[PDB]
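Chain residues, written in single-letter form:
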Protein chains: 2
Amino acid sequence: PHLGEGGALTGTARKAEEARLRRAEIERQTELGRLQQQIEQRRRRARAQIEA
Amino acid sequence: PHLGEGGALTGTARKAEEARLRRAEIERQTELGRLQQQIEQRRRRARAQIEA
């Protein structure tokens, strides 16, 4: 059975929709990872400054 | 025998001159030590900055 919104999709369209969902959710994960790395950088400067 | 400039000094004056010489040379040593510590400080900032 077709799972997810826009269930009318069938055939090649179903695979295309699956690929699009994978791409978008992957890039959302990349967004969150980049924010985490940003906070990483800020904390590094903070405690290095404390060391000085 | 009296050693050092102003050999005419005798009695208490000789001890006073010895004490004055000791004080002055000690403070010259303090001068040099303070300069060395200053360069100490500059080098510390330099390589800490390099670490960052």
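Residues numbered from 1 in each chain as written, not as in the entry; some residues may be left out. Chains lettered and ligands numbered in written order. Part of a larger assembly, values for the part shown. Heavy atoms only, no water.

In the PDB archive, cryo-EM is given as the structure determination method for this entry, at a resolution of 2.7 Å.

Bringing the overall build of chain A into the picture now. The secondary structure content of chain A amounts to 1 helix and 0 strands. Counting the 52 residues in chain A, one finds 0% classified as buried. About 5100 Å² of surface is accessible on chain A, with carbon and sulfur atoms providing 54% of the total. Charge-centre separation for chain A: the mean point of 12 positive side chains lies 3 Å from the mean point of 8 negative side chains. (Helix = DSSP H or I, 4+ residues; strand = E, 2+ residues; numbered from the N terminus. Buried < 20%, exposed > 50% of the residue type's maximum accessible area, 1.4 Å probe, protein only. Areas by Shrake-Rupley, 256 points an atom, 1.4 Å probe, with all protein chains shown as cover. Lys, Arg positive; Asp, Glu negative; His and termini not counted. Charge placed at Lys NZ, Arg CZ, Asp CG, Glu CD.)

Between side chains of opposite charge, a pair can form when the charged atoms approach closely. Residue and element names in this part refer to chain A. Enumeration according to the criterion identifies 10 salt bridges over all chains in this entry. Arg20 is the partner of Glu17 in a salt bridge, and the nearest nitrogen-oxygen pair spans 3.5 Å. Residue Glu17 and its partner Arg20 are both found in helix α1 (residues 12–51); the two are separated by 3 residues, about one turn of the helix. Using a relative accessible area of 46% as the deciding quantity, one classes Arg20 as partly exposed. (Salt bridge = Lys/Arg side-chain N within 4 Å of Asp/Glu carboxyl O.)

Mapped onto the secondary structure, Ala24 of chain A falls in helix α1. Expressed as a C-alpha distance, the spacing of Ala24 of chain A and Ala8 of chain A, which sit 16 residues apart in the sequence, is 20 Å.

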